[PDB]
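Asker: Okay, handing you the structure first.
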Amino acid sequence: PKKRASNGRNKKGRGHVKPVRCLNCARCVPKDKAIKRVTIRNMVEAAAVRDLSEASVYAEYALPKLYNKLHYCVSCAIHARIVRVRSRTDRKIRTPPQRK
Amino acid sequence: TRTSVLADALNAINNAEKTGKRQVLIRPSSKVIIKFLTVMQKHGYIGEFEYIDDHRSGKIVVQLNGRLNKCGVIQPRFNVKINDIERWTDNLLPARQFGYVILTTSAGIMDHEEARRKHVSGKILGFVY
Amino acid sequence: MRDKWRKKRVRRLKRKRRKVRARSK
Amino acid sequence: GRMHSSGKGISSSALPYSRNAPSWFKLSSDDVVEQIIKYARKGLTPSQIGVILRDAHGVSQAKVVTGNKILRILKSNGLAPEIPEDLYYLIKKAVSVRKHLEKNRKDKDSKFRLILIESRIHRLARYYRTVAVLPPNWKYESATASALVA
Amino acid sequence: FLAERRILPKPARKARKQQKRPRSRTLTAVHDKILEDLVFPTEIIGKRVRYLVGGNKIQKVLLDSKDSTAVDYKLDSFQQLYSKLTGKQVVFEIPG
Amino acid sequence: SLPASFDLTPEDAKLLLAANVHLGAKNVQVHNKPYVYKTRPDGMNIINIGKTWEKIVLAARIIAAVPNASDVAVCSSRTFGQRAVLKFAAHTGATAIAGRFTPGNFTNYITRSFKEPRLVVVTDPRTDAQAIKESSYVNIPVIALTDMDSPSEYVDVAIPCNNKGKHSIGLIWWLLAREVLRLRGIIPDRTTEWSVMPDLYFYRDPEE
Amino acid sequence: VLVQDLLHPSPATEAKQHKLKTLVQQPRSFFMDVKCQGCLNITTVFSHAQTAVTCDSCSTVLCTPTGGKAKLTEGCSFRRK
Amino acid sequence: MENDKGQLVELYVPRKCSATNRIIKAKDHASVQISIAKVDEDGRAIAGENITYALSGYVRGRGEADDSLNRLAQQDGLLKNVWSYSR
RNA sequence: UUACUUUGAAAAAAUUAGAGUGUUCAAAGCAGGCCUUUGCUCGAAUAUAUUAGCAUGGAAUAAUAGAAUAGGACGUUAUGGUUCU
RNA sequence: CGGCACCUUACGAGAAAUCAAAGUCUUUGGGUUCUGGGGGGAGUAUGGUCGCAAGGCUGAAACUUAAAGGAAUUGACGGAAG
Ligand SMILES: [Zn+2]
């Protein structure tokens with residue numbers, strides 16, 4: 001039967017969408033279907049931000065962040081637990097999970 | 001395209017009556033539509049209805065009284081002999097005691113009972129009950 | 001079977017039939 | 001809608017209910033006729049004549065003022081063009097697209113549009129032939145189109 | 001004032017051949033014209049026809065609020081003269 | 001029709017406006033459109049308190065038409081209305097259902113508090129959706145205090161008011177009690193001040 | 001809404017309707033009498049004009065066509081007829 | 001419905017909805033019958049004397065019961081200028 | 001100009017439906033019945049056929065033609081001119 | 001006004017999943033084109049036709065078989081998650 005009314009992707013009023021390669025396995029996956037995560041991480045772990053600020057020759061030097069956008073295919077993301085299998089009624093919920 | 005203004009009018013009436021509305025707006029008007037509404041009004045299936053002049057085909061607003069079970073057209077307008085009225089009334093009406101098959105004869109638009117009274121027949125046009 | 005390979009199998013088999021029948025032109 | 005598209009736009013003009021001239025209109029039934037004839041002699045098509053009339057002279061409708069349509073008056077005074085205006089602009093558009101295709105041979109949307117335009121030309125010419133506006137033997141020729149739309 | 005137009009009847013199917021009857025000489029157009037003339041100082045802004053439950057049909061005409069001083073006391077005379085001259089019931093009204 | 005003594009008095013209009021009964025929710029549904037007088041430019045909708053009063057009088061006449069006073073069940077799941085409904089039951093003799101409404105009170109005849117009211121009055125259709133559903137299962141008419149965003153499914157007579165107000169709920173319930181008792185005749189006439197005060201019927205926090 | 005007066009809609013919603021979706025369709029456009037600042041000469045101009053109309057007296061453009069209503073130039077005053 | 005001799009052979013002529021005139025079926029349990037007391041000019045409820053209306057389960061399910069009561073009571077005088085014919 | 005529809009005429013007999021008729025009943029048959037007859041005497045109905053053709057009434061419904069370079073209609077006893085019987 | 005969609009409900013539809021259309025369908029008739037008649041054999045053989053070829057379009061029968069299949073429920077299992 002039909003599993004999703006959206007067919008698991010985001011293509012409406014469109015014929016073709018150029019593919020993207022999975023970060024983990026390099027599989028060609030359409031850009032709208034790929035599980036996309038935007039990550040803004042600190043470049044230095046919180047343990048070393050102290051000794052590195054003390055070792056810095058600059059007074060009031062801000063440590064730069066590491067900006068990255070990750071693309072995963074469905075198998076990679078499910079395997080890496082980026083997304084999980086949800087119940088029939090919970091599939092419809094499309095608000096971002098309340099963690100952040 | 002728009003192939004039957006009688007069909008659009010009766011479909012709008014059917015949808016309003018099934019949804020409980022006591023009025024429906026019909027566009028466009030015509031002579032055949034007005035006389036079909038006149039036969040329904042004469043038999044009490046609708047109340048007063050109104051013709052609006054817009055220097056065009058026109059518009060109609062019909063008042064519904066809740067007595068209408070279903071009204072519809074028969075497309076195409078088959079030629080009907082006097083001997084075919086029995087078959088048409090058998091297929092379309094729920095009983096032998098009420099309901100009318102509307103015909104267009106050269107003597108005018110009329111229900112099958114008046115057509116039987118003056119012994120004329122024409123083309124079937126619709127039904128009401 | 002995948003059905004995809006079954007149709008292809010017949011395609012390889014239709015090809016053989018055509019060349020063999022062509023022998024006795 | 002949109003014979004040759006998927007559009008369903010309903011935009012168009014909405015004529016007023018009143019079929020009489022406005023009370024504020026002061027031009028005569030003659031002065032409108034001479035305005036129409038002056039612009040038609042200046043080369044304006046009936047659409048442009050009517051646009052200029054309402055745009056600068058307040059003639060809301062030539063029918064509600066003069067009593068006759070613009071093309072009917074021109075045909076009554078011998079100033080009606082031989083080819084109807086809309087068929088002329090369709091043939092001219094087909095000529096322009098065909099010249100662009102001959103200079104741009106790898107284009108294919110324009111080839112598709114040319115097929116659409118030529119079918120619309122043939123349908124309109126067929127109508128004008130059935131209503132005897134064009135001769136019954138009138139035929140659109142791609143080779144000789146430039147003469148008609150020169 | 002009213003105009004004296006000529007009304008050409010709708011010819012029968014077996015009747016002989018004649019000139020094309022213009023639409024101006026039809027029954028509805030002349031009745032509309034005399035109705036419009038009945039209210040000459042004003043101008044009609046709309047026409048409605050009522051199909052009452054009894055079967056009789058009642059006309060209604062919407063007139064402009066401009067120049068309504070010139071016909072407001074002659075509504076009844078207009079109605080009675082037009083009903084005599086045509087046979088249809090007409091009820092004039094200015095929406096105001 | 002109705003005597004002019006049933007008209008909105010200036011005194012009642014002062015209570016309703018001072019109690020912000022006329023303040024309706026930002027978004028109004030199509031079924032609640034007739035009750036909005038005008039939208040305030042911030043977004044609040046002004047309630048036609050003349051219509052609120054008239055619906056109150058109609059509802060009180062429906063309550064007065066029920067022969068057995070105990071056959072009327074009054075419900076409120078909101079905490080703001082529990083004291084109001086309890087005092088309404090005390091004064092009028094109705095059967096109060098304060099707090100949680102046990103599903104099956106009208107349909108399951110072996111439950112403990114199985115009642116058979118001829119009429120159910122509800123503070124809010126949204127938080128009392130279960131009670132309305134069962135009334136629509138056992139042919140119970142529903143009287144509801146409705147704001148402009150309240151759903152109107154299975155509610156026959158709607159009293160337009162502010163359901164989310166501390167003073168609005170108490171005042172409206174007091175007004176209903178006063179009118180039902182006026183029609184029943186315990187209070188001699190429509191001009192004598194009632195002993196009960198609108199401060200009574202107001203919800204009190206555990207602080208005060 | 002089961003019962004509703006279709007023959008007498010509220011004029012507010014009648015004015016909110018599309019011009020083709022009224023009981024009788026009616027244009028929302030009008031014609032204007034435009035006074036240029038330079039002189040005084042009545043020139044009837046359509047509100048939704050597609051032409052850059054110039055008055056006869058002085059060769060000055062009165063309005064510039066836009067997507068909808070024509071835009072009158074500065075110093076030009078209009079009065080609806 | 002009557003027989004040849006005229007006797008009313010019909011049992012249970014059913015009720016009809018006051019709003020839509022539909023027949024209220026024998027098992028339409030969402031249908032209600034509102035009874036509204038008549039009030040004399042002294043402000044007293046008249047005992048055992050009521051105005052009665054019936055609404056079909058369709059109207060109640062659609063949420064049109066409130067506007068239907070507004071119309072029926074305004075036409076019968078139970079209310080003034082609360083329901084408007086023109087919207 | 002039609003189309004359509006009403007009525008009429010037509011569609012062999014046999015067959016079907018169907019009226020009459022105690023083949024002892026019936027399937028059937030088209031017989032038969034009368035006070036007993038040098039004879040008297042009800043019958044053997046009728047419907048239906050159906051596309052095509054024929055005649056007829058009606059002009060709704062659905063087509064078709066008409067007066068736009070007027071090549072238009074009436075002058076019945078309109079004014080003349082060219083002819084033909 | 002036009003689009004791409006979406007959220008809630010189900011008057012209504014449906015075997016159900018579900019559906020603002022897959023509704024207005026035994027209360028069956030708005031206009032129109034195409035396709036199917038249990039599963040296989042089989043998109044096979046043959047003939048035709050297009051193609052440089054690969055192949056495309058059209059397209060059977062003999063024979064064989066009582067099911068094949070659709071949606072959903074409970075359980076069992078999973079080198080799936082909590
Ligand atoms: Zn991957």
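By order of appearance in the structure tokens: chains A, B, ..., then residues from 1 within every chain, and ligands from 1 in the order shown.
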Looking only at the backbone, which of the residues in chain E does DSSP tag as helix (DSSP H, G or I), as a PyMOL selection string?
Answerer: chain E and resi 23-25+27-38+68-70+72-86
Asker: Check which residues of chain G sit at most 12 Å from chain E using only C-alpha atoms, and return one row each with the closest pair of atoms and their distance in Å to one decimal, ordered by chain and rising number, as a Markdown table.
Answerer:
| residue | atom | partner | partner_atom | distance |
| --- | --- | --- | --- | --- |
| G:7 | CA | E:48 | CA | 10.0 |
| G:8 | CA | E:95 | CA | 10.7 |
| G:23 | CA | E:46 | CA | 10.7 |
| G:24 | CA | E:46 | CA | 8.8 |
| G:25 | CA | E:46 | CA | 11.7 |
| G:26 | CA | E:45 | CA | 11.3 |
Asker: Give the residue list for ligand 1 at 12 Å, counting only C-alpha atoms (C1' of nucleotides) and all ligand atoms, as a list in words, sorted by chain and then by residue number.
Answerer: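 Here is the list of contacting residues: residues 20, 21, 22, 23, 24, 25, 26, 27, 28, 29, 30, 33, 34, 35, 36, 70, 71, 72, 73, 74, 75, 76, 77, 78, 79 and 80 of chain A.
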Asker: The selected residues should be written to file as a CSV table (one decimal), in the first residue's frame (atoms: N, CA and C atoms).
Answerer:
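Output contents, as saved in selection-v8.csv:
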chain,number,residue,atom,x,y,z
A,20,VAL,N,22.1,14.4,-4.9
A,20,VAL,CA,23.2,14.7,-4.1
A,20,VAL,C,23.8,13.4,-3.6
A,21,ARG,N,25.1,13.4,-3.2
A,21,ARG,CA,25.8,12.2,-2.7
A,21,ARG,C,25.7,12.2,-1.2
A,22,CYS,N,25.4,11.0,-0.7
A,22,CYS,CA,25.4,10.8,0.7
A,22,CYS,C,26.8,11.0,1.3
A,23,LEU,N,26.9,11.7,2.4
A,23,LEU,CA,28.2,11.9,3.1
A,23,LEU,C,28.9,10.6,3.5
A,24,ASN,N,28.1,9.6,3.9
A,24,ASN,CA,28.7,8.4,4.5
A,24,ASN,C,29.0,7.3,3.4
A,25,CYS,N,28.2,7.2,2.4
A,25,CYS,CA,28.4,6.1,1.4
A,25,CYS,C,28.4,6.5,0.0
A,26,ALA,N,28.2,7.8,-0.3
A,26,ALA,CA,28.3,8.4,-1.6
A,26,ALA,C,27.3,7.9,-2.6
A,27,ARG,N,26.1,7.5,-2.0
A,27,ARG,CA,25.0,7.1,-2.9
A,27,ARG,C,24.2,8.3,-3.4
A,28,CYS,N,23.9,8.2,-4.7
A,28,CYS,CA,23.1,9.3,-5.3
A,28,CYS,C,21.7,9.3,-4.8
A,29,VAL,N,21.3,10.4,-4.1
A,29,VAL,CA,20.0,10.5,-3.5
A,29,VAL,C,19.4,11.9,-3.9
A,30,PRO,N,18.2,12.0,-4.3
A,30,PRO,CA,17.6,13.3,-4.6
A,30,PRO,C,17.7,14.3,-3.4
A,33,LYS,N,14.9,14.4,-0.9
A,33,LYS,CA,14.7,13.2,-0.1
A,33,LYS,C,15.7,13.0,0.9
A,34,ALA,N,16.9,13.5,0.7
A,34,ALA,CA,18.1,13.3,1.6
A,34,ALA,C,17.8,13.9,3.0
A,35,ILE,N,18.2,13.2,4.0
A,35,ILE,CA,18.1,13.7,5.4
A,35,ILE,C,19.3,14.7,5.6
A,36,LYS,N,18.9,16.0,5.8
A,36,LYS,CA,19.9,17.1,5.8
A,36,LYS,C,19.9,17.6,7.2
A,70,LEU,N,25.4,18.6,6.6
A,70,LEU,CA,25.6,17.1,6.3
A,70,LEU,C,24.4,16.6,5.6
A,71,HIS,N,24.7,15.8,4.6
A,71,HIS,CA,23.7,15.1,3.8
A,71,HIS,C,23.8,13.6,4.0
A,72,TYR,N,22.7,12.9,4.3
A,72,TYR,CA,22.7,11.5,4.5
A,72,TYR,C,21.6,10.9,3.6
A,73,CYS,N,21.9,9.7,3.1
A,73,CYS,CA,20.8,8.9,2.5
A,73,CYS,C,19.9,8.2,3.6
A,74,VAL,N,18.8,7.6,3.2
A,74,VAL,CA,17.9,7.0,4.2
A,74,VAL,C,18.6,5.9,4.9
A,75,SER,N,19.3,5.0,4.2
A,75,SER,CA,20.0,3.9,4.9
A,75,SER,C,21.1,4.4,5.9
A,76,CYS,N,21.9,5.3,5.5
A,76,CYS,CA,22.9,5.9,6.3
A,76,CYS,C,22.3,6.6,7.5
A,77,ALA,N,21.3,7.3,7.4
A,77,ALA,CA,20.7,8.1,8.5
A,77,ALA,C,20.1,7.2,9.5
A,78,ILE,N,19.3,6.2,9.0
A,78,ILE,CA,18.6,5.3,9.9
A,78,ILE,C,19.7,4.5,10.6
A,79,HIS,N,20.7,4.0,9.9
A,79,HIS,CA,21.8,3.3,10.6
A,79,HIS,C,22.5,4.1,11.6
A,80,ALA,N,22.8,5.3,11.3
A,80,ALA,CA,23.5,6.2,12.2
A,80,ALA,C,22.6,6.8,13.3
Asker: Taking the backbone alone, and naming residues the way the document does, which bits of chain G are strand (DSSP E) by DSSP, as a list in words?
Answerer: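 Restricting chain G to strand (DSSP E) produces residues 31, 32, 33, 34, 35, 44, 45, 46, 63, 64, 71, 72, 77, 78, 79 and 80 of chain G.
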Asker: Just to confirm, what's the straight-line distance from CA of residue 119 (chain F) to CA of residue 71 (chain F) in Å (one decimal)?
Answerer: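 Interatomic distance, CA of residue 119 (chain F) to CA of residue 71 (chain F): 6.9 Å.
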Asker: Would you mind listing, as a list in words, all residues of chain H that have at least one atom within 8 Å of chain B, where only C-alpha atoms are what counts?
Answerer: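 Residues satisfying the distance criterion: residues 20, 21, 22 and 59 of chain H.
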Asker: Need to verify the contact set: residue 63 (chain E), 8 Å, only C-alpha atoms (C1' of nucleotides), exclusion of same-chain residues closer than 2 positions in sequence. Can you return it as a PyMOL selection string?
Answerer: chain E and resi 42-46+61+65+68+92-95
Asker: Residues of chain J within 10 Å of chain D, counting only C-alpha atoms (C1' of nucleotides) - could you list those as a ChimeraX atom specification?
Answerer: /J:1-3
Asker: Give me, as a ChimeraX atom specification, all polymer residues having an atom no more than 10 Å from residue 35 (chain D), counting only C-alpha atoms (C1' of nucleotides) and skipping those fewer than 6 positions away in the same chain.
Answerer: /D:41,49,52-53,57
Asker: Please produce, as JSON lines, a per-residue contact table for chain F versus chain H (criterion: any atom at most 6 Å away, only C-alpha atoms considered), showing the nearest atom pair and its distance in Å to one decimal, sorted by chain then residue number.
Answerer:
{"residue": "F:1", "atom": "CA", "partner": "H:77", "partner_atom": "CA", "distance": 4.2}
{"residue": "F:3", "atom": "CA", "partner": "H:41", "partner_atom": "CA", "distance": 5.9}
{"residue": "F:51", "atom": "CA", "partner": "H:82", "partner_atom": "CA", "distance": 5.8}
{"residue": "F:61", "atom": "CA", "partner": "H:37", "partner_atom": "CA", "distance": 5.2}
{"residue": "F:62", "atom": "CA", "partner": "H:36", "partner_atom": "CA", "distance": 4.2}
{"residue": "F:64", "atom": "CA", "partner": "H:37", "partner_atom": "CA", "distance": 6.0}
{"residue": "F:65", "atom": "CA", "partner": "H:37", "partner_atom": "CA", "distance": 4.3}
{"residue": "F:136", "atom": "CA", "partner": "H:30", "partner_atom": "CA", "distance": 4.4}
{"residue": "F:137", "atom": "CA", "partner": "H:29", "partner_atom": "CA", "distance": 5.6}
{"residue": "F:138", "atom": "CA", "partner": "H:29", "partner_atom": "CA", "distance": 5.8}
{"residue": "F:139", "atom": "CA", "partner": "H:29", "partner_atom": "CA", "distance": 5.2}
{"residue": "F:141", "atom": "CA", "partner": "H:32", "partner_atom": "CA", "distance": 5.8}
{"residue": "F:152", "atom": "CA", "partner": "H:63", "partner_atom": "CA", "distance": 4.9}
{"residue": "F:153", "atom": "CA", "partner": "H:63", "partner_atom": "CA", "distance": 4.4}
{"residue": "F:154", "atom": "CA", "partner": "H:60", "partner_atom": "CA", "distance": 4.8}
{"residue": "F:156", "atom": "CA", "partner": "H:65", "partner_atom": "CA", "distance": 4.7}
{"residue": "F:157", "atom": "CA", "partner": "H:66", "partner_atom": "CA", "distance": 5.0}
{"residue": "F:183", "atom": "CA", "partner": "H:44", "partner_atom": "CA", "distance": 4.7}
Asker: Pick out the residues sitting within 12 Å of residue 4 (chain E), and hand them over as a list in words; count only C-alpha atoms (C1' of nucleotides), and ignore anything fewer than 6 positions along from it in its own chain.
Answerer: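 Close residues of residue 4 (chain E): residues 25, 30, 31, 33, 34, 37 and 85 of chain E.
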Asker: I'd like to know which of G:35, G:14, G:30, G:71 is closest to residue 50 (chain G), using only C-alpha atoms.
Answerer: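 Once distances to residue 50 (chain G) are computed over only C-alpha atoms, the minimum belongs to G:71.
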